[PDB]
Amino acid sequence: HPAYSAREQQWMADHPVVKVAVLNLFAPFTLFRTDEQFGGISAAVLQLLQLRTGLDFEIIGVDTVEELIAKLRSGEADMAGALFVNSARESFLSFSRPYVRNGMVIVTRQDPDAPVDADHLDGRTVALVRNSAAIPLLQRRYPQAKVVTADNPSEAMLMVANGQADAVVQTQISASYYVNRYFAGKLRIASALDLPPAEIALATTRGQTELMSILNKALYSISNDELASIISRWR
């Protein structure tokens, strides 16, 4: 399907194996634990991409987004397999077309004093992952919510479970994933947030004309039915 240009063809002939950095514990998008194979929504999407491009992908798992960006910037990785589209990073990263678009929700404890929904956050403590793209959007929409940060989505979920926050912001997809698998009976999805949907995309540095155009064409040739099939497995 995808119509690659001559320069793109050249790029792919010089890069038959492309180095894809992925966050080890960005469930259910990328999951690359000690010592398991690479899995998650984005693992399946990359395989479909492999068919569309003929490229082999070498997967580089890292714990932190600082690491993943450092490896893009140094050229050790060619692309990232899953990141949130984030305008604050657009001066140094490019994002592909999104392959997941998903509303965000708050997760609370199942206790009588928990916020009932996103309109009941006044003076409440809302946890978000440090440097999350949702932080300024949440601060503008819900200026009375008290924002605390956590290192990563696990720590953020645990702040609610252990009582250091009243609510945590996650995509609906990751919230259902973490709640059902780890906190069933302790946490719950309270409601949607009145914020633009989060989006998951591939990323490269801004220099990368040919590879990003290859990723976009290849993504374009994946139907929404294919994507929905993959994503629905992680509910």
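The first residue in the sequence is number 1, and the count goes up from there. As a basis for the values below, the full set of heavy atoms in this structure was taken, side chains included, without hydrogen atoms, waters or symmetry mates.
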Q) Without hydrogens or angle criteria, can the side chains of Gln172 and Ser176 be said to hold a donor-acceptor pair below 3.5 Å? A) yes

**Request:** Check whether more than 12 heavy atoms from other residues, nucleotides or ligands sit under 6.0 Å from atom CZ of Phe92, and answer yes or no.
**Result:** yes

Item to complete: Determine, for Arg52 against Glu226, whether the closest basic-nitrogen to carboxylate-oxygen distance falls under 4.0 angstrom.
Response: yes

The complete set of ring pair (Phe, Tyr, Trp, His ring centres under 6.0 Å) pairs with one or both residues in residues 192-219, sequence neighbours excluded, reads none

Residue set satisfying salt bridge (charged side-chain N to carboxylate O under 4.0 Å, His left out) with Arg73, at least two apart, ordered chain then number -> none

Report task. Verify, without hydrogens or angle tests, whether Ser221 (side chain) and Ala218 (backbone) share a donor-acceptor contact under 3.5 angstrom. Result -> yes

Please report, to 0.1 Å, the donor-acceptor pairs under 3.5 Å made by any side chain of residues 55-67, with sequence neighbours excluded.
{"residue": "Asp63", "atom": "OD1", "partner": "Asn24", "partner atom": "ND2", "Å": "2.9"}
{"residue": "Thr64", "atom": "OG1", "partner": "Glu67", "partner atom": "N", "Å": "3.2"}
{"residue": "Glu67", "atom": "OE2", "partner": "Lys71", "partner atom": "NZ", "Å": "3.4"}

- Mind checking whether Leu83 and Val22 sit in one hydrophobic cluster, side chains of I, L, V, M, F, W, Y counted as touching below 4.5 Å? yes

Under 3.5 Å, side-chain donor or acceptor atoms of residues 34-41 against the rest of the protein: list the pairs with distances, not counting sequence neighbours.
none

- Message: Side chains of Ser94 and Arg206 only: does a donor on one sit below 3.5 Å from an acceptor on the other?
- Response: no

Just list the side-chain donor-acceptor pairs under 3.5 Å for residues 193-202, sequence neighbours left out, or say none.
{"residue": "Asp194", "atom": "OD2", "partner": "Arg141", "partner atom": "NE", "Å": "2.5"}
{"residue": "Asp194", "atom": "OD2", "partner": "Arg141", "partner atom": "NH2", "Å": "2.9"}
{"residue": "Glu199", "atom": "OE2", "partner": "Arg101", "partner atom": "NE", "Å": "2.6"}
{"residue": "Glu199", "atom": "OE2", "partner": "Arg101", "partner atom": "NH2", "Å": "2.4"}

- [ ] Report yes if the side chains of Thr204 and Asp78 come closer than 4.5 Å at any heavy-atom pair, otherwise no.
- [x] no

Contacts of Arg89 meeting salt bridge (charged side-chain N to carboxylate O under 4.0 Å, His left out) (sequence neighbours excluded), chain-then-number -> none

Contacts of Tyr99 meeting ring-ring contact (aromatic ring centres under 6.0 Å, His included) (sequence neighbours excluded), chain-then-number -> none

task: Report yes if some heavy atom in the side chain of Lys146 is under 4.5 Å from a heavy atom in the side chain of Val126; otherwise report no.
output: no

Note to self: Has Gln208 got a side-chain atom pairing as donor or acceptor with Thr205's backbone, closer than 3.5 angstrom?
What the structure shows: no

The ring-ring contact (aromatic ring centres under 6.0 Å, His included) partners of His120 (sequence neighbours excluded) come to none

(Q) Check the orientation of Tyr177 and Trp234. Use parallel for under 30°, tilted for 30 to 60°, and perpendicular for over 60°. (A) tilted

Sorted by chain and residue number, the salt bridge (charged side-chain N to carboxylate O under 4.0 Å, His left out) partners of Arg124 (sequence neighbours excluded) come out as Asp166

With sequence neighbours left out, the residues meeting side chain to side chain donor-acceptor pair (under 3.5 Å) with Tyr178 are none

Are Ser191 and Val105 close enough that some pair of their side-chain heavy atoms sits under 4.5 Å apart?
no

Note: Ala167 and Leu121 closest approach over all heavy atoms is CB-CD2, 4.3 Å

- Ring centroid separation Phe84 to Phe26 under 6.0 Å: yes

Residue set satisfying salt bridge (charged side-chain N to carboxylate O under 4.0 Å, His left out) with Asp117, at least two apart, ordered chain then number -> none

By side chain to side chain donor-acceptor pair (under 3.5 Å), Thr30 pairs with (sequence neighbours left out) none

